[PDB]
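Notes for the structure review
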Amino acid sequence: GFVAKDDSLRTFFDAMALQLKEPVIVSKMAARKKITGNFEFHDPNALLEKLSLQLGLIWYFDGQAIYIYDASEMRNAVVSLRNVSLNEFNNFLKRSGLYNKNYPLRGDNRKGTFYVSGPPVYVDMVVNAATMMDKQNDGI
């Protein structure tokens, strides 16, 4: 528990992380925001979702660490996907547990690209995954 009084987001999320196994990595732009209020950390993921909406943040848990960015650091990507169905690629991300429902792949089965917008660490993964998968399927 924690009563914040104009504390930097970095200090705040460090406080949240005390009761977590994973470190929290707060971007430069997120860290310059301040936060005030009475906080209880009885449900960190729910809090993260709410604060991301209140304060204009985006976040990703990659299974080992939590990344927090300002909404202004959102990466907007267009990604080629020529040799695999969008649905196959989606399921692949999901099964692997890297997919984040807050940052969905936006495409259609007619065209050879899809869009994705979200935390840089996430989008970088999505782009790499699509690039690896497209190549490995580039054949009869």
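Residues numbered from 1 in each chain as written, not as in the entry; some residues may be left out. Heavy atoms only, no water. Residues with missing side-chain atoms left out of burial classes, pairs and counts.

Per the deposition metadata, X-ray crystallography was the technique used to determine this entry, at a resolution of 1.801 Å.

1. Focus on the domain arrangement of the protein
Condition: Domain limits in this description derive from either an automatic procedure or a database domain assignment. We call two residues in contact when some of their heavy atoms are within 4.5 Å. A 1.4 Å probe defines the accessible area here, and the buried area is the portion of it lost by two parts on being joined, summed over both. Here a salt bridge means any side-chain nitrogen of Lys or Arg lying within 4 Å of a carboxyl oxygen belonging to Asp or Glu. The definition of a polar contact used here is a pair of N or O atoms within 3.5 Å, where within protein one atom must be able to donate a hydrogen and the other to accept one, and adjacent residues in sequence count solely through side-chain atom pairs. Put simply, DSSP H or I for four residues or longer makes a helix, DSSP E for two residues or longer makes a strand, and each gets a number counted from the N terminus. The classification used treats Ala, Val, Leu, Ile, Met, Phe, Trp, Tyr, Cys and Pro as nonpolar, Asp, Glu, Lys and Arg as charged, and all other residues, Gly among them, as polar.
Partitioning the protein into domains gives domain 1 (1-70) and domain 2 (71-140). Between domain 1 and domain 2, the C-alpha centre-to-centre distance is 27 Å. Domain 1 puts 13 residues into the contact, and the matching count from domain 2 is 14 residues. Interface area, domain 1 with domain 2, both sides summed: about 1100 Å², of which 55% is carbon and sulfur. For the domain 1 face of the interface with domain 2, the top three residues by lost area are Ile58, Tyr60 and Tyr69, together amounting to 56%. For the pair domain 1 and domain 2, the interface holds zero salt bridges. In this structure, the connection of domain 1 to domain 2 is made through eight residue pairs in polar contact. For the side of domain 1 that touches domain 2, the secondary structure elements donating two or more residues are α2 (28-31), β4 (57-61) and β5 (66-70). Across the side of domain 1 that touches domain 2, the residue classes break down as eight nonpolar, two polar and three charged.

2. Thoughts on the environment of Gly118
Which entries qualify depends on this criterion: In this scheme, a residue with accessible area under 20% of its type's maximum is buried, one over 50% is exposed, and one in between is partly exposed, where area comes from a 1.4 Å probe on protein chains only.
Residue placement: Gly118 occurs in strand β8 (residues 113-118). With a relative accessible area of 0%, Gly118 lands in the buried category. A sequence separation of 39 residues divides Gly118 from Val79, and the C-alpha atoms of the two residues are 13 Å apart. Those residues in contact with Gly118 that lie beyond four places of it in its chain are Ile58, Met74, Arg75, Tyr103 and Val123.

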